[PDB]
Structure formats: C-alpha cells, structure tokens
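Chains as they are written, first to last, in the UniProt record's numbering: chain A, 3 to 74; chain B, 16 to 932, 948 to 1125, 1136 to 1373; chain C, 1243 to 1341.
From the three backbone atoms N, C-alpha and C, an ideal C-beta is built for every residue, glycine too.
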DNA sequence: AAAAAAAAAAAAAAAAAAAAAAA
DNA sequence: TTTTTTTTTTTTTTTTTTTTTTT
Ligand SMILES: [Mg+2]
Ligand SMILES: [Zn+2]
Ligand SMILES: [Zn+2]
C-alpha cells in the first residue's frame, strides 16, 4: 500500500482509522488469527489497512468478534 | 488512565494517609555497618528494603517470602525501587505555618485573615501576641499586640482575655472564622461600595471566600502540623567516597528540622520556661520554612561552604524544575543524521536510507526477525552476527524495512510538513537520499543540509507514520490549499523544453499517430523534439457523471507535446498539456489532476512528471554558455543619452534655475527611465529575436537562449535577475537607504569597477544581516502564536450557530485582488446561499463550499455570502467541525480531533522569514454607488458631500462591486449615485489638502459672535495682497473672547437667521480655531461655500497580534448622537455626545492638537472617528464588537502577508483571534456571583447564562475583551500550563488554595505530565476510554 | 552521519547521551514536538517523550516486545508523572487524580 | 600549604507628587 | 478656597578557571 485515501471514507475520521487498523494489526501479529486477505510480503499493519479498504474489517466487526469469543 | 487533575491544600490526615509509618529519629547509616537506624531518615520499614527482595535482618532471601513484612525487622520484601515512592511524615510538636501560603505575594493567608503582612509575620515569627476573641475588653479580634502591649493587656484584663504569639496563634485565628458570614457581609459591602479600588479589594476577599467555599479545602490546614517527607531515592543519599554518606541537600534540611522538632518535644515534655520553648518554636518555624523554600523568608542556609543549598521547592522551579522538563528537549533513541543527496529513481514515498545507518537503527528489529527465524536463537549470537556483517543479516534487514516508515526531520521545523515520513529503500554509501519533489516542504537545498531519521516502534506509531504522515498523503500544505509537491528546478526546464513550438524543424508537417509513434519518431532521431505537427491524441474527459468519456481527433501539437501526453492520466483533457508548460501551467495541471481524479493518481502523476522531466532536460542539454547573455547594442547609446541628460540637469542646477533637491530627484528619475529603456531592450533581445526560415521566408520565434529559456520557463530566475545579468543593474541605495544618484551602468557580463562593486557590497551585506535577524524574529513570532493557539482542538462536530461572518471580495482601494472564490473556499456557509434573484435559495444552510459550489457562486456571481467562522462558534472549549471548514491539508471537512491551533500558529509562522524586514479616474464600466451618502448640489454645480465617512464604489454591469475609494469630506462629485459611469470617468474630485468649511446652503455671511480683535482678526494676507478674516483659537483669541465662540449665524436673502435644513436651530457654524475666514460680512454664500481655509514586516504582524495600541489612536464616537464641544482649555478639550435617541450621558477629554474631522454640532453615529490616524483594535471590539475585530485583524494581517508573496488562509488568523479574546468583562450581576468588575473566560460566562436561562434565573451580560497573544498566554485556564510559564510557586499556591481543578486539555499540559497528546490518535483514544466508562 | 539505537545513556538526565563524540542521536527539540502535534500522530510523540527518553521500565519492555516480535507500547502514565506527584505531595498539597 | 569540590561566567513593584473634583 | 482621591511617572529592587574548605 502507498496511499490511505480509500480507507478514510470507510472509517470516517482518519484517526479512528488509525486505532482500528492498529487493533486489527495487533490481532494479526501475535494474536494469531491470520488476515482474511492474502499478503504480498506485507507487514501485518498494511494487511489490516488493506482489509479495512476491502470493507470486511471495521471497529464494529472487531468488537463483535471480541464479544463473541469473550462469551466462550 | 487519568482524567483531569486536581490540586488542593493537604489535610494532616491526608498526609499521614500518604505513609506507611512515621519517622522519629534523625540518622543516616551506622558509619560502621550500613545500619539504617530504626526510625532513621532512611528507615527500612518506613521506606523499604535497601536491597531488592531482602529483609534487613536477612531472614528471607530474594524471592521466597516476597512481599512479607519481616516479623523481626518489620520490613516488606519487595524491590528496592519500592523505596522510590513510599512517602513518610514527621509529626510536628506544635503547628507550624506553611511559608508558601504566607508569601504567595500577594499572600493568600493575608486576605484569608485580612491582616497586614507585618503583623501576621510578627505573630508568626514570635514577636507579638495576636488578639483572639478580645470579647468584653478594649481589644478586638483582628487586633495585635507587641510584648509591652500584651503585658499591659494581661495586667488590665488577664482573666478571660486570650492572646497567643506564634504560628499556633495563626492556626487558632484560622479556627476562628466563618466564611459564610464573611461572604454575606462582604457581598453586602460590595453592593454598598463605590470606590473601584474598594470594590476590587473586597472582590479579592470575596473570591477568596468563594474559593474556600466551593473548594473542599479548609483554611486551618494552612498551618502545618505534620510535615511530609519525600522517599529517600527522590532525595538520593549519594554516599561519598568514604564511610560517611553525603546526605544530599534536602536531607540536611531534614536533619536540622528533625533535630529541632525532637528538641521541641523534649522541652514540651520537660515543660521548660516559656521563653526557651518560644525560641524553639521560632527556630522550628524558620527551619520548616527553609525546608519548604529556603531563601524566601530569611537568609538561605548553606552546605559545607558559604554556597547556599537548594530546597524541595527548587524541585518545582528552574530548568531542573520537573514541570518544564519534557519541554526543554530529549535526545530520542533510534535517531540518526546525515548529509543529504538527491534521489531521482525514488518514488514519491521513498527515502533512500544508508546501509551503515539502517543496520544501526533497525538493530533490535533485526534481532527479533533473526532469532525468530532460528538463524541464531540466542540473542547474543544475533548481536555477534549483525556485528559480523554476515550476508543473511542484509536479507533480514531488507525484510524488516520492507514496510516500516521512517520519519525524516529537517533542522528548523517551522511547517508541520517538516516531520514528513517516508518508506525506506536501502542504498550503499552514506547519504540519506530524498525524493526531489519533496525537497520543497523541507526547504532543503542539497548544499550540506542534514536530516534526522527517527523510527516509530509501537505498532500504533507505525500505522500513524503510514497513515497520518506518509509523504504521499501531504500533497496539500496546511496554510495554502494548492499543492506543495510542485516541480521546481530542472523538472520544469525539462518539461518546458519538451513542449515548445518551433516554427520549422525535423519532422515538420506530418500526421503520425497517437503518442506512441511520436515517441518512436523522437527516439529514432527522425523528428526533432520541437516539431509543430498534428497527431491523434484521445482525451477521456469526465463530461458525463463520473464517466471517462473518450473523444479522439486530429489535433495540432508538437511531437514533444504528444510524447509528454502519455504521462497525463486518463481524466484530464488534452489541452491541459498543449502550451509551453512553465512553472505555472505545470502546477495548474497537477492541481487539476488532483481535483478531477483524486489523490493517488496525483502521486502517480507527480512521479511520472518528475521522471519525464529529468530525462528530457538531460537530453536537451540546456547549458548556460557565456555568449547567451546577450547585451543590447543600444545600451551604450542609451547610457550616453542619460549621461548627457544628467550633465544638462547638473549644469542647470549650478546656474540656480533648479534647487539641489529637485536636481537630485530629476537625476534619479532620468536614471530610472534609462534603466527601463535598457531593460526593455535586453528583454527584447533575449526573448524573440530568433529569426529563422520556415521552409519559405524568414520569421521570428521565441528564442531558445538558455538564460531566456530558463526565465520564461520560470525554472529559476525571473526577468529581474536576467536583466541584472545583461541590462544595467540599477541604482544601488547607499547604506542609509537613500538612493544613490549615480547608478551602476555595467551588467555582470561586462566587468564591474572597484567603485561600483564596492557600492554593491552595501546592499548585499545589509540584506544578509537583515535576514539573519529576521530568522529569530520569525522564530519568536511562531512561539507566541503556538503558545496562545495550542489550547484549541476541533472537539465538536457542530455548534449549531447562525452567526457567521459575511465574506465579500476584498477591495484594495479600487484594486480588488481576492475574489469571493478563495476567502470562502471550503469554509461552511452559515445561512443558505440566496441567489441575487429573490426567493431563490442557491445552496442550503449548513453546506460545505467545495470547488463545484464555488463555481456555482461564480456563475451566479454572488458578491456576499454568510460563512460560518471559528471566531464565534458556540462551543465550550473547542471549535465546531462544520464551523472550521476544510482542513486545508486533505480537503474534506476537518475530522474530530485534528488540532488546528498548532496548525494555525505554524501556518501563520513559517511564511514569516519570506516577509520583508486628488481625483479618482474610473477604469472600468459600471455605475456610481455610495456608502454613507449625504450630499447636495454645490455652488460649483457638481456636488458636495456633507457626510464624513462616505465611500464611492463602481458597481459593474453584473450588479457586483469592483472598485471602491474612500471619498474625502467636501469632495467635488460631478455625477451622483445611480448614474452610469463607464471606464474612464473622473467623477471624484477634491482638494488633496485643506479642510474647507463648506456651507450646504446660501445666505449672507454674518459675524455673529465673531468679534474682531477678540475672536477673529482682519489680517492682511500679503500672499494675494488682500485682507482676510482669520479665526483665533483660545490661546490666539482673548480669554474674555474665549467664551465668544466664532459662530456664523448665516442670514438668508430675506435676512432671517438661516436654520440648518431640517433643524429649527440657526446654522451657527462654529468655525475652528486658527481658521482663515476668507469671506467678509454681507457676502451672499452659495451651496457648499468654502469659508474657512483650514489647513510592514514582522513588527506590524506582532503589533496586530499583540494588540499593541497605536501611539496616537484614532478617536471614535463611543455612542450615537450629536457631538458637542464641551468645556475647553482644560489641557484637553472636553467633548460630549448627546444621543438624539436618548440622553447625553457620555463626555470625555481629547487632546487639542489631535484634530477633529467633525464640527461642534453634528449628528454622529457611534464609531464616528472623532479624530483620524492609526486605528486601535481594542476600541473596535469595544464598539463594533466581535465579527468586526475579526474582519479588522484578519484583513490587516492577511494584507501584510499578501503584501510580499505568501498565502495564509484566513482560518488560521481567525482561530488565533478567537484564542486572543476568550475573556470578557462582566457587565451585570445577573444572578450568579459574577461581579461587574470581575473578568472571566468567555466560555464560563457563556455557560453561566446557559444554565441560568435554562432555569428561571437571569444571565449576566458581558463584554468580550481583546488580549494580546503575549497577554493571552499569560492568562491561563490550566494551572499546569501556567507552571510551564515559570512563576511556578505562585501558580501552585493559587491553585491549591482555590482547589482549582484543571482539564487535561490543550497539547502542552499533557506533554508535561506525559499522557497522550489529546489531539489526533490521542483524542480518539481518550474519547474511547471515556466511552467505555 | 551518526546512527543510534541503544547506545550509552546520560548521567542525570538519563536520556540517550547527546553529541557526535559519544554516539549521540538527533535532538528532538520543541519545534518538532509541535510538528507532531499538528499531525494527529500522538503515539509516536508519546513514545518520543517517554519510551525513548527516560522510561527505563518502558525502554526494557519495548525492547522485549520488539525482539519478541510484538509491536506494542505499554499503556500507562509515564513515571515522571509519579515523580512529580510525590514531589508535590512532599509539600502539603493534595494533588490528587480524578476519574 | 596542597588538593578537591562548588559555582559564576529589563521588567515591574512601590511610592511621590501633581492635578482633578467635591465640599 | 481648601481637602481628598485618583492618576502617572520616576526610582529601585529583582564547559573551564577561581575561590573556599579540608586535611
Ligand atoms: Mg541550505
Ligand atoms: Zn526481615
Ligand atoms: Zn461553528
């Protein structure tokens, strides 16, 4: 990835984008839980941004999954 | 994990609650062993174990009985670092006063007990017995007594009377006080008081009582009874190189205090005579004061030598003060440095980082990815592998830096772009390469400039460096919307060369194909690069709604132009590149690509333009041979003619026909004329001048001379400098500044002479020194601005107001420069834009004015639209997102959080060093418009203006103002309002000097009250050799005639007294003093008869921001009404204003020398300039109010910055203004405690009115007061910040006594304490944390 | 040129030792702090101030996370706040926290 | 008397007096 | 015409060598 304009409108704020992407990247770095999109030698953080742009990752989704496993 | 901070006076139980146990013995060590004597100053059980996870007894050992209090030695088993925080306390034998509240200067204890500092110190330091409940005696509670008076009091009433001497006496006084009764009585007195100083002191007392009431604090804690003791580590014992332990400097204070207190306990238990124990208490009070802050009350004690020793308070003061510590500067790790080197072949988001520096920055990352991969599992093996330069470590380092943004920071970081962040790509050697295009924001120049490389460690920081700061997400700089990735020096020369029309060259006259065959033609060398030829470019224009509509057609172009067209992305139209792309058209092309196809295509297109510019610049080989600085052949002839001219002028001056000054001015003028001639000649020889065959006859085309090619392209060097290279290099001003009479008559190509060059050195060195000084000047200005702007942060999505300023194109005296386009671009409209056609709403109310809406404004040509402004947004401690507009760094509306104060301050900063340290002729087609119009047909027949502040505008045929000129009073106006005035009319006309007394009607002159010899004099003016009457002022006229005012009760032809048209009173024109009444008595005047012949750099910006009042301010009419010269001759003339709408309450004195533009009696609206001259800002707020001080400050400073070359958007000045005037004086009691004399932050009074009107209460009115940025920074809303501005002890004392809770708001308190800077990621994090609660 | 990752630290300031003559890293002066504040970037500033200036525990923890392969700061108030708090509490001042 | 350790290398507070205003 | 209050303008106070202390 080079620019992050596509991710701005997906999470409108450009800072909540940063923290949400950091949440997903931390999940994908040591919290296992491989990315849902293929990687191209990309770091975990860029994969998080990529999936955010793909729309399949958002703060709501992360919270839903965290709550679901916290019920376990 | 820490919301707002609270500070308050500590209760003794609080102090004892801050300890595990009490110290009771002053001892340091055994001096034989390391024995921490029980209850010692470093007691093990009060502070912790000396060695980690140990008991002094040594029973338990190092983990097993962890966190166990040894039953024998009574010591926890924890790490030695626990010793760092375990506070202790020393119980005082007697209450002892706290010096800080005694000597806050003004003392808080003082007004708390409302006693003179002298007597309170007498009682405190044991030389007087205060009276305590004097009761039924001649003495009274507030009274004090010296020793003899106390003895006498004991003699007379020594049965029930009570009086004690010492700190404990002050404590008892504090026990005897009921602040509620004090509140009631002092508010009553404030109601009774009239003396403003009396009200001020009483309100100081009432604010004290308000503090103690609202705050939970109680005044009795002012007198300490338990002194806390810091943990031993924070006061390190620092053992000397011997058996003794060098007990710091504070520990010495503890030694003295503890010894004195133990001896006081001993004396109390033994009950020694009162004199000895009184002396002991005095010594203990002195010792405690010294412990608090030694050197404040008495002479500071010292250490071993005479040199004074510090104190606990010094820990909160000075450079080592732990308030201003994270601000001085931190040598951050993972840093770097290097010299810089150009980096073509890099993309626009890559920074070539050296190998030898990238294996010492990402070292730990290499360790991680190396040990994890198993190449060397143990860490020490990984270290020895990297230091062994083994080939695998290069691969691992490449992997880790695959995507791990680095931050490249230039030295002076004025802009917010000066910490841009790139991806790394590894080169060899040692030089931080750097993409060429991004050399502008940094401002580096590759002549030794050095940039530092930081790295973000934590994953959040990595995502920030890739999202918020990456070099490819900052095409638009903060201040000015247009791009700051703009092709600069060689890329533009390459583009220019690659597209230029040559009349005839190889490949002329043919039709090839689309661009591909054009590049094929050029590479093969068949067709020259410049070849006017038709090709088949196809353009994908966005004519349809978001659709690439493709159209192709045989279009003329140049072969090079077709070649360059391949780099333009799809969306742009072809004509975007068909000119000869300069530095202007190229930036316009790049900006258009931005607006039409978004961001990422602009980055791709900037890369491509830089590359295809460098390549063809090289293949051109544009080189500056000396022979291409052509000199005019007419130069010597023109200079000879100028020399003859000055010769004749000088000879004529020698004959006396022309004075020295006129001769000098004429000489310099003719030198300027000759210089213009030579400049035109050389610019004509350089430009054009290339005559060549076109395959038929000859014709001329724009030349290809490398100097002219550069200058026309705008690569580097405009017409002025090439003029200096070939034409005369001007007239260099002497060191004072006066222009030298004899200019330099030799360009650089020809030689200079010792005299001429020695002259040029003057201007050169003056320029250098002035730049060196303006460096620090701009630095100071930025610091003040960011000091008063850092408070803000965009924290509200919408304040839902309606009071947005109304923006109009700004007219510089007939020279409208900024249309409504810019100064309303993006900023959100407040009211729905209404088309000039009635009832036709153009755009809704709360809508963003992006480029298309601006285009709609242009097509409708709206001359005024109401735009929301941050100068007045209904928010508590921030500023509405909608009310700010676009961020002007990304385009969309500013998202919640992004700090604008430190955006503004820097944008109004960095472009500071660039800052340098009779009749109107209508020129356009339009109609006459007049503002503040009160005119009438004159005797001359044209017109006379009877209004002072009249202004004349030229409304174009579109119904839009274009030109505007301030019409002086008593001006001859040929036409009137509402008459067609095409481009060329000269309607405006007036005397540039003199202040004529025009009589708007006819009537015979009458010297009613103008007695000759007492008020006027029939003086024989020998200029025209005629007798004229001259009015005499108070000094010139007789004192007896002083009352006799020089009135002119004109009488009409019928002889009746001329009443002013529309008034019953006579037209008794009171002429001013020293006026020249040319007309005589019995002369029939006419309309407008003239009777009395009455006669940039940084500092300006700082003055405008610092609200520095002018030295001779223009005086305005504080209230609407008719003016009346009141009492005179009292040093300053007294002037009264009589509101015709109401009473006449307002009057004041004004200097006699300060001339008045208005006569004795004239109906003047408020704001009428009583006198002209420089205009103060603060009075504009006083009268015009907010939304007018804005349109003054923003207009003035943005004019000063538009003066030179820069473009500071108005949002930044507006937020600095908002921060400037966030405090208002209270106008009425309303229903809250707010006294009229009090001044409080405008937010506080705003919310006060909000909550009072929500209920049945009544709000308190206010008047917002302007404060200079230095003044505003001195003013504070957060005690940590004010601590950051020194006077730390005063701030702490005031906050503690007031119980002044402080928001962790604004970006300077959080940095000092160290939490998340609550602006961006920090702000979202904090709001999330609050939400989870 | 002068790189720096975890070289010799200072005496009393306990920051990384400054100066080219002793393996020093570039100084992060105030104006750069403003430069970061203008950007929303906060964690990078918070780490330029705490986990790479003086926080020994933070420094060690961050080094552990980096070598262990985890990119994560440790959320919590810098100990400098705690030192200042105890300094004030030395004086008879409550200086308590809030929510 | 020699050696070792500490520190040095204009702004504003207060008050006298002059001038205004009220009795 | 005399006294009191308020203003304002003037004054005065706030990394190396040497010095003081210790043996
Ligand atoms: Mg340079
Ligand atoms: Zn023990
Ligand atoms: Zn607003």
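Using a Cβ cut-off of 8 angstroms (strictly closer), state whether residue i contacts chain B.
i, result
"residue 1248 of chain C", "yes"
Among the options, which one has its Cα closest to the Cα of residue i?
i, options, result
"residue 900 of chain B", "B:931, B:781, B:865", "B:865"
"residue 56 of chain A", "A:30, A:38, A:34", "A:38"
"residue 1068 of chain B", "B:1082, B:1047, B:1058, B:1053", "B:1047"
"residue 1299 of chain B", "B:1326, B:1269, B:1278, B:1277", "B:1269"
"residue 128 of chain B", "B:234, B:1108, B:143, B:1120", "B:234"
"residue 516 of chain B", "B:22, B:505, B:524, B:547", "B:547"
"residue 1090 of chain B", "B:1054, B:1075, B:1033", "B:1033"
"residue 1064 of chain B", "B:1082, B:1095, B:1105, B:456", "B:1105"
"residue 21 of chain B", "B:879, B:1333, B:1356, B:34", "B:1333"
"residue 832 of chain B", "B:1235, B:372, B:608, B:1096", "B:1235"
"residue 1279 of chain B", "B:413, B:196, B:358, B:222", "B:222"
"residue 11 of chain A", "B:958, B:908, B:1339, B:1006", "B:908"
"residue 434 of chain B", "B:471, B:915, B:412", "B:471"
Look up residue i in the DSSP assignment and say whether it is helix, strand or coil.
i, result
"residue 1052 of chain B", "coil"
"residue 35 of chain B", "coil"
"residue 366 of chain B", "strand"
"residue 1222 of chain B", "helix"
"residue 159 of chain B", "strand"
"residue 49 of chain B", "coil"
"residue 109 of chain B", "strand"
"residue 907 of chain B", "coil"
"residue 813 of chain B", "coil"
"residue 951 of chain B", "coil"
"residue 844 of chain B", "strand"
"residue 624 of chain B", "helix"
"residue 144 of chain B", "strand"
If residue i and residue j are in contact, beta carbons under 8 angstroms, what's the gap, nearest whole angstrom?
i, j, result
"residue 479 of chain B", "residue 20 of chain A", "6 angstroms"
"residue 850 of chain B", "residue 875 of chain B", "5 angstroms"
Counting only beta-carbon separations shorter than 8 angstroms, does residue i have a partner in chain A?
i, result
"residue 1324 of chain C", "no"
"residue 1296 of chain B", "no"
"residue 1314 of chain C", "yes"
"residue 910 of chain B", "yes"
Of all Cβ atoms in chain C, is any one closer than 8 angstroms to the Cβ of residue i?
i, result
"residue 602 of chain B", "no"
"residue 48 of chain A", "no"
"residue 1326 of chain B", "no"
Could you tell me the boundaries of the beta strand (DSSP E) in which residue i lies?
i, result
"residue 562 of chain B", "562-567"
Can you name the start and end residues of the alpha helix (DSSP H) that residue i belongs to?
i, result
"residue 714 of chain B", "It is not in any alpha helix (DSSP H) - residue 714 of chain B instead sits in the beta strand (DSSP E) that spans 713-716."
"residue 1301 of chain C", "1298-1310"
"residue 725 of chain B", "721-728"
"residue 278 of chain B", "265-285"
"residue 73 of chain A", "Counting along the chain, residue 73 of chain A falls outside any alpha helix (DSSP H), and DSSP gives it neither H nor E."
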